[PDB]
Amino acid sequence: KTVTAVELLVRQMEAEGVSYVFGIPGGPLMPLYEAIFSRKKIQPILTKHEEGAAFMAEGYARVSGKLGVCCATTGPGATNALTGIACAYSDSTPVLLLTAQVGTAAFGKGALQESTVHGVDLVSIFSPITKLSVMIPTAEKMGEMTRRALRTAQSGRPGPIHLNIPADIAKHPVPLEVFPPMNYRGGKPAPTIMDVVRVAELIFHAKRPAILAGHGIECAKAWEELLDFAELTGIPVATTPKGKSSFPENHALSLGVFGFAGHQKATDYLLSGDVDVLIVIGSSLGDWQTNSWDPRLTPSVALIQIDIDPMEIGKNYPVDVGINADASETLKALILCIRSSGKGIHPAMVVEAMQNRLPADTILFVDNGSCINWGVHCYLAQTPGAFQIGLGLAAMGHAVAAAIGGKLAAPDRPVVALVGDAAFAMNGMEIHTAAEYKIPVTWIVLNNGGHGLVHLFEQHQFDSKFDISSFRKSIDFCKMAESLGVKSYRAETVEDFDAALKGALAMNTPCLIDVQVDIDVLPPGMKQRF
Amino acid sequence: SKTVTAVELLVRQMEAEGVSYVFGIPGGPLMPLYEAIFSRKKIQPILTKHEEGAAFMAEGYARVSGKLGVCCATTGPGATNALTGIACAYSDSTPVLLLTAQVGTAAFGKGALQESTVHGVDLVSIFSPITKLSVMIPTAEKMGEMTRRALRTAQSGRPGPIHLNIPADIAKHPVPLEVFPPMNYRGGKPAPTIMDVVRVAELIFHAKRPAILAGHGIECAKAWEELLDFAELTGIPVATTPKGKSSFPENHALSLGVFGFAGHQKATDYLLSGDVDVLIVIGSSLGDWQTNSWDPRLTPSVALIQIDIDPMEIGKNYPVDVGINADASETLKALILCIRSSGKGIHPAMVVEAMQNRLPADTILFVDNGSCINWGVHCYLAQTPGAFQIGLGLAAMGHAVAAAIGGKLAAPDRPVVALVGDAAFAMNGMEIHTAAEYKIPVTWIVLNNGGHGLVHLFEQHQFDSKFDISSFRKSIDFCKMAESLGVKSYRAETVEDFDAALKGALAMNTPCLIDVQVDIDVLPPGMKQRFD
Ligand SMILES: Cc1ncc(C[n+]2c([C@H](O)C3CCC3)sc(CCOP(=O)(O)OP(=O)(O)O)c2C)c(N)n1
Ligand SMILES: Cc1ncc(C[n+]2c([C@H](O)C3CCC3)sc(CCOP(=O)(O)OP(=O)(O)O)c2C)c(N)n1
Ligand SMILES: Nc1ncnc2c1ncn2[C@@H]1O[C@H](COP(=O)(O)OP(=O)(O)O)[C@@H](O)[C@H]1O
Ligand SMILES: Nc1ncnc2c1ncn2[C@@H]1O[C@H](COP(=O)(O)OP(=O)(O)O)[C@@H](O)[C@H]1O
Ligand SMILES: [Mg+2]
Ligand SMILES: [Mg+2]
């Protein structure tokens, strides 16, 4: 019994529990749409820009915990998505990008939007920022390739995949071979027992242990065993800026965020070296996460690091025990072994109004810009994984679009995006797609009339010698929401903001809130990095 | 022995190449570059709303400039956004220089903020397949030589884009003043052999039914005058490729229109009938849309001549009898010398008509990708050389939307109009804010048919409408979108509101947008042809 090669790929994608595919169609990429629409199990989402779809697939992935899928046509369709694929690459999230190719009969001829080595070579443009980038050579090889793709995206440190599909093979017949995921993909690695008992032994003798939880806690879905491990051990837990959300910040053992725009209940504990035992679980230990690799973060006795990627272990700090394993399989073993022992408006208040009204289960997406300083510092996130910030690449526009995918992945939970205005101008057009698909998301535009943080570097680094930051005319984001069919609120006092915010969440449809913000307000954590 | 920072010397040499703007968005590590431009007071920076628009602006400026276009973007996502614009510069053979930041060397491999090395997001290797050169500045001293290498590479041979990556720490290291005029580090252009020019001369002399196919290469060589003098001196008719529309006056007696996609029956019949004996191809790559999917009937009976500055294009899809590797302007000047010395809603079809009946003769017309290509290429008549700007090499949606702003910065005292689809404007539509900011009078004509016109036509004409991925449930309102960005706008539901709107647009000398309601089921010209 046969199917068309591209028909078998969606059926294999169905088996991975992929529910939506975001993208923009094209001549050579239509065979895929006729296939997704033949099955009616997976649904296609038409976006306004291919980076917006990629950003959505990434957003769907991180909250879904499943594989994100986006599609694009030959050439510029594909190149458009790149920045989103580059963010999925730096945040360790499994995104599969499907791109079309011209038929082999036109290779080297100057085909329309040719994406081979002879034209715009997608597979090598996309290699440095994917776990795998490959053109399917034959129809017959579609099953084994797409299982190769799904296996690579969600094993090890997860990441994005680029699959290039020549339009001609897309409808060649092939045998129907669809497998459940666990038949062609392995499980995760656990720590050796020798290391589990050595750090158990280091915790038992510690005068001041501390845990630094990074983004790996979310990819490992390790919140519960982290919460049980901290509670059982009594060790205080700090998050990276990107790892905020991975431990409840209301909890007695919570020190908040360590690093950029962080809290100094974390700074002192972790930086004023009383610390002797440091357990780093699922963090790159990059710039922001370490306060520019401050040598004072190193503990006096032992540094322990758990990470599913061996190459990150001991990269910037010498480790005493380096565990190459899943954070969730490591922690349950650790608990198993220790219980076995038995012995305008000021942004500060716009976050303030948000904390007083967003439901407990609100997923908060934050963009890149001064909104990260406000988001990481002043919002307290109590629900596991409910704080969504893309600090891997820190691309402006990320959450503006990301969030749409997040609410498709968690439709019964409220989803809110806190974004800057220049970021909204880069990807704000995708509120039209939420409008078209009736995806109720609330964007909170922190409108300071330009590039907030760049304005501050000018003043504080090149003594107001020039201005490349401010606008001469602020954008009108409520008129813009109106053009895109989205209900809108303007707020220039705190209480207009609160009225807007509780109207939006009642609203059952997309909504945008345009907040007046002074471009000179110095965000938390910006004067320390200067 | 005057010393200056490397980034000042980069700017100073760019000044020598006549670049007048740098399009981009600032960032932490890229701020030294902006500090340099503002202290020098010559080149001016344009802050755009997306870096892809900045690269679109630089491509448009270069194409109208005849000079080098420059954009800048920061580490990581800054540069990746610009990719599609650089890939467009690469497929249309436009000299664009994209300057991108790199974190300081002391943070390589450490996980620095938006690290764009081999250890992070590899800018130099991402940009390698769609640039003539992509290289990270290794040291401060090599800024002079690497910047002179980029200008020579971008504007020599077949022109194309360049990627220069600059580590943020070496930007501010002092280097010796070392600035040269453009003709001390780049060569001139190649001419044909005397042997081949007289061999082509002697073929046209004996040709019964010769024909010329003029492609985009005529604009890159700045060869319009001698192409018209070559056709006039020889009496042989001129057809263009769809992308070369503005290279041969269509109001001339010898003009054949466009041959290929959405072309004219005049051009197809002469070149495909089977009565041509000598065909000269000047500057076209002879790809799909340039040759009706490589119809073998384009082969001439006697001799095919191909002229092209890139040798690897000669005879690629059709066998040539004379293959000249030379610049098109120097070839045409030699052939003329050697023969003279010899001595012996609204229907879009009526929207562009309203446009041609009203727009000045010197208007530079930008067209985006979508049905506007069928309407622009087929129904618009272009009489001015280079006055039609369409990026058909990559055919990236949204290209004309932003590029026209760069075009009008390059030709400030000529009218510039962009004819774009509604989905195209939705991806890069927000750049009009940049035009409102800098007071750049461009007129956008949005053919708003409420979704993806040609894809909807594919559904009907290849999937029998088994599905709809093409129309939006709610047409976007582009006059409200214009208004919120500070741009004057007009809506048109009649043909006359369009004529009133367009005539208002041109008088105002400010940015303006005209939102035209169009039926999405209208079959554009040349779309019937392309279905099989
Ligand atoms: C795609 C992309 N292109 C450029 C940047 C660089 N970049 C910022 C970085 O974080 C570092 C802060 C110095 C560089 S920040 C910021 C202004 C945001 O302006 P807005 O959106 O309005 O936010 P705000 O006004 O609240 O500051 C910009 C442009 C980026 N990150 N991504
Ligand atoms: C960046 C980018 N992403 C996708 C495409 C594919 N694509 C077109 C190509 O040429 C081929 C013709 C079918 C594929 S065309 C068109 C819609 C026009 O929508 P509009 O702007 O409204 O134009 P129109 O209404 O007249 O059809 C689209 C989406 C593209 N080119 N670039
Ligand atoms: N399932 C997992 N278990 C443990 N660690 C993981 C897992 N998945 C990813 N990681 C690790 O988490 C780290 C996340 O680092 P990054 O994405 O830079 O976050 P942060 O900046 O918060 O440290 C990476 O080093 C990655 O190898
Ligand atoms: N200065 C020049 N003189 C002559 N030909 C050129 C010059 N610059 C570029 N070309 C050629 O013009 C061609 C442009 O092709 P393309 O971009 O596909 O336009 P079209 O579709 O009209 O062929 C390329 O083959 C290139 O080698
Ligand atoms: Mg702002
Ligand atoms: Mg349209």
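Each remark here, short or long, concerns the structure printed above.
Residues numbered from 1 in each chain as written, not as in the entry; some residues may be left out. Chains lettered and ligands numbered in written order. Heavy atoms only, no water.

**Student:** Give a detailed account of the nonpolar core, specifying residues and quantitative values.
**Tutor:** Counting 241 residues, the largest nonpolar core has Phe424 and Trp443 of chain A together with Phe23, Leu99, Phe425, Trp444 and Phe498 of chain B as its most contacted members. Setting aside residues up to four positions removed in sequence, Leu99 of chain B forms contacts with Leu10, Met14, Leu33, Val70, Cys71, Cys72, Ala73, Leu164 and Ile166 of chain B. Membership of the second largest hydrophobic core comes to 39 residues, among which are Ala261, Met354, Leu364 and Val517 of chain A. (Core = buried A, V, L, I, M, F, W, Y, C linked by side-chain atoms within 4.5 Å. Buried < 20%, exposed > 50% of the residue type's maximum accessible area, 1.4 Å probe, protein only. Contact = heavy atoms within 4.5 Å.)

**Student:** Give a description of the site of ligand 4 that names residues and reports values.
**Tutor:** Residues and elements named next belong to chain B. For ligand 4, the set of nearby residues contains 20 residues, the closest of which are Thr241, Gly283, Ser284, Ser285 and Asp308. Between an oxygen atom of ligand 4 and a side-chain N or O atom of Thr241, the distance comes to 2.5 Å. One of the backbone nitrogen or oxygen atoms of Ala328 is found 3.0 Å away from a nitrogen atom of ligand 4. Along the lines of polarity and charge, the residues of the shell around ligand 4 split into five nonpolar, nine polar and six charged. Of the domains in this structure, domain 1 (3-176) and domain 2 (194-342) are the two that each give at least three residues to the shell around ligand 4. (Near = heavy atom within 4 Å. Polar contact = N/O pair within 3.5 Å; in protein donor to acceptor, adjacent residues only side chain to side chain. Nonpolar A, V, L, I, M, F, W, Y, C, P; charged D, E, K, R; others polar. Domains from an automatic or database assignment.)

**Student:** Which residues make up the coordination of the magnesium ion (ligand 5), and what are the values?
**Tutor:** Residue and element names in this part refer to chain A. At 1.7 to 2.3 Å from the magnesium ion (ligand 5) lie its protein donor atoms, namely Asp421 (OD), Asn448 (OD1) and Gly450 (O). Within one chain, the residues serving as donors to the magnesium ion (ligand 5) are arranged as D-x26-N-x1-G. Of this pair, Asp421 sits in helix α15 (residues 421-427) while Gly450 is found in the loop between β18 (442-447) and α17 (452-461), placing the two residues 29 residues apart along the sequence. The exposure class of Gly450 is buried, given its relative accessible area of 3%. (Donors = N, O, S within 2.8 Å, 3.2 Å for Na, K, Ca; no water. Helix = DSSP H or I, 4+ residues; strand = E, 2+ residues; numbered from the N terminus.)

**Student:** An account of empty space enclosed by the protein is needed here, citing residue identities and associated values.
**Tutor:** One number sums up the size of the largest cavity: a volume of about 90 Å³. For the lining of the largest cavity, the secondary structure elements donating two or more residues are α15 of chain A together with α16 (422-428) of chain B. Taken together, the residues that form the lining of the largest cavity break down as six nonpolar, four polar and three charged. (1 Å grid on protein atoms, 1.4 Å probe; cavity = no way out; pocket = protein on both sides within 12 Å on 5 of 7 lines; lining within 4 Å. Points joined across faces, edges and corners; volume = space filled by probe spheres on them.)

**Student:** Break down the coordination of the magnesium ion (ligand 6) for me, with residues and values.
**Tutor:** All names here are of chain B. Bound to the magnesium ion (ligand 6) are the protein donor atoms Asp422 (OD) and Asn449 (OD1), situated 1.9 to 2.1 Å from the metal. A residue pair is termed long-range when its members are at least 10 positions apart, and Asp422 in helix α16 and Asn449 in the loop between β18 (443-448) and α18 (453-462) qualify at 27 residues. Take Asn449: its relative accessible area is 15%, and that puts it in the buried class.

**Student:** An account of the packing of helix α3 (residues 51-65) of chain B against helix α15 (residues 399-410) of chain B is needed here, citing residue identities and associated values.
**Tutor:** All names here are of chain B. Relative orientation of the contacting elements α3 and α15 amounts to 50°, with a least axis distance of 6 Å. In terms of orientation, α3 and α15 fall into the oblique class. Viewed along their axes, α3 and α15 form a crossing whose handedness is right-handed. Counting all contacts with α3, which are made through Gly53, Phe56, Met57, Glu59, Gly60, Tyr61, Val64 and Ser65, the residues of α15 involved are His399, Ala402, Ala403, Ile405, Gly406, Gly407, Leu409 and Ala410. Of the residues belonging to the contact of α3 with α15, the class tally is nine nonpolar, six polar and one charged. (Axes fitted to C-alpha atoms, helices over the stretch in contact; angles between N-to-C directions. Parallel < 35°, antiparallel > 145°, perpendicular 65-115°, else oblique. Left-handed = near helix turned anticlockwise from the far one by under 90°.)

**Student:** Would you mind going over the sheet that holds strand β4 (residues 68-72) of chain A in detail, with residue names and values included?
**Tutor:** Residues and elements named next belong to chain A. Strand order in the open sheet formed by six strands is β3-β2-β4-β5-β7-β6, with parallel pairing between adjacent strands. Whereas interior strands pair on both sides, the edge strands pair on one side only; in this sheet they are β3 (43-46) and β6 (132-135). Taking each pair of neighbouring strands and ignoring which way they run, the sheet shows an average axis angle of 20°. Pairing of β6 with strand β7 (residues 161-166) involves four bridges; the strand directions are parallel. Each residue of the ladder has a partner; that of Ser133, found in β7, is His162. In the packing of helix α3 (residues 50-64) onto the sheet, the strands contacted are β2 (20-23), β4 and β5 (95-101), and the crossing angle to β4 comes to about 170°. (Pairing = 2+ DSSP bridges.)

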